[PDB]
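Shown here is one chain on its own, the form deposited in one PDB entry, set out as structure tokens.
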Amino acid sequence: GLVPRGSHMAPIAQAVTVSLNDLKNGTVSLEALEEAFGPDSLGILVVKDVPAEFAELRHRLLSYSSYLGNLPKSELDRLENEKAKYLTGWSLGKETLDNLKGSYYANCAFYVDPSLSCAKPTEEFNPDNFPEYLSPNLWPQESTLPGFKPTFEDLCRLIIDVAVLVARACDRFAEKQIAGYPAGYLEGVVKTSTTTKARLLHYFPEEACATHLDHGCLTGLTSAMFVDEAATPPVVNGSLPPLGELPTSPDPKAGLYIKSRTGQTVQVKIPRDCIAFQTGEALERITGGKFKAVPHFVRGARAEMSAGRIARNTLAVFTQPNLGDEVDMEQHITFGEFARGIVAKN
């Protein structure tokens, strides 16, 4: 038991917050960055003052999560990819304490070259030996879900642009603190990655080890959108209007929970107008543990509060290295090796 059972609430903790303006001009405090990402931290950084288009893109794409999740089964079955371990396209998963959640995954190779559906395959790295990273994206039909693909790409591009600036700040820290560190490494790794993976998640309405570490470098996050799908039906019926976002969460216990090295778990909120970034294990390895991936988990809304009508939508963008990039620069372990569980090499 990490969080109190029943109606009792965990304390809420404030994440370190910086302005995108300071990320862009290179004046973000490295003290604040270490407070956000260091060994005693929550492993999360909130970025405010985001581009003006963010609010609408978030609203549209999180609405698409509901529309997508309610497409006829014949359409969703075409988006399933078992060879990719369901890490490309659509699939159904479950969360127990008892919520059903549909996931849609896409690689973000398009960030580097908009014509790419996935990394260019090689003998060393291809869909047959790394299907969970290198399989081609599977998109819903434009006629049945109009505008989904450009909206998805535009919001992911915005979030990755910000991730590149966060990575640049991390590089400033590492260049000051780590002897022999390659200047500009994390910025280059994020900016050129064709393995970065985005996940659009839809919690279906329901009637009345817990933590993980992210594996990549920096995970961009939106705040969650709750939708009353009885009031605004998630049915594609001119442009496609967004669905109604509930102003306030129906369940104050839903959300993100982080267990710092203090051993106790706190709830952490993302302001609706902000983007947050969590550190992952690859960034921890690249910084030799000077920044840490911090254990955490997400809870959906309890069925009593969903009341068979309220769905929950989120976007996460797992920026991470190309498979051949080193993550342990002493032992020369690559991200692909690291992903296959290799922890030592000689």
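Residue numbers run from 1 along the displayed sequence. By rigid core we mean the largest C-alpha set that fits within 1.5 Å across both forms.
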Deposited residues omitted from coordinates between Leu97 and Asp98, as a class: 4 to 9
Unresolved deposited residues lying between neighbours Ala208 and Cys209: 10 or more
Stretch with the higher entry mean CA B-factor, where the candidates are 158 to 166 and 139 to 147: 139 to 147
Stretch exceeding the other in mean C-alpha B-factor - 238 to 246, 177 to 185: 238 to 246
Candidate residues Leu57, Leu42, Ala316, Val50, the one whose C-alpha B factor the record puts highest: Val50
Highest-ranked of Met305, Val298, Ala311, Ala293 once sorted by CA temperature factor in the record: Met305
Ranked C-alpha temperature factor of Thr287 among modelled chain residues, by third: middle
Where the record places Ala230 (Cα B-factor, split into thirds across the chain): middle
Ranked against its chain, the third holding the CA B-factor of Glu80: highest
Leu30 - Cα temperature factor, lowest/middle/highest third of chain: highest
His212 - Cα temperature factor, lowest/middle/highest third of chain: middle
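Another form exists, deposited in another entry; not displayed. Remarks below refer to it.
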Rigid core superposition between this form and the one not shown: residue from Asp113, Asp128, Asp77, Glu123 with Cα shift of 2 Å or more: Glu123
Is_shifted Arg272 between this form and the one not shown (CA, 2 Å cut-off, rigid core): no
Rigid-core frame, C-alpha of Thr248, shift of 2 angstroms or more between this form and the one not shown: no
Is_shifted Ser306 between this form and the one not shown (CA, 2 Å cut-off, rigid core): yes
